[PDB]
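Structure record follows, encoded as structure tokens.
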Amino acid sequence: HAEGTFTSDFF
């Protein structure tokens with residue numbers, strides 16, 4: 001979602 005979720009998951 002909005003690329004923000006992916007960032008959170010990756011970290």
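Residue numbers start at 1 in each chain; chains themselves are named A, B, ... in the order of the structure tokens; ligands are numbered from 1 in the order shown.
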**Message:** For the structure I just gave you, how does DSSP split chain A - specifically, which residues are alpha helix (DSSP H)? Reply as a PyMOL selection string.
**Reply:** chain A and resi 4-10
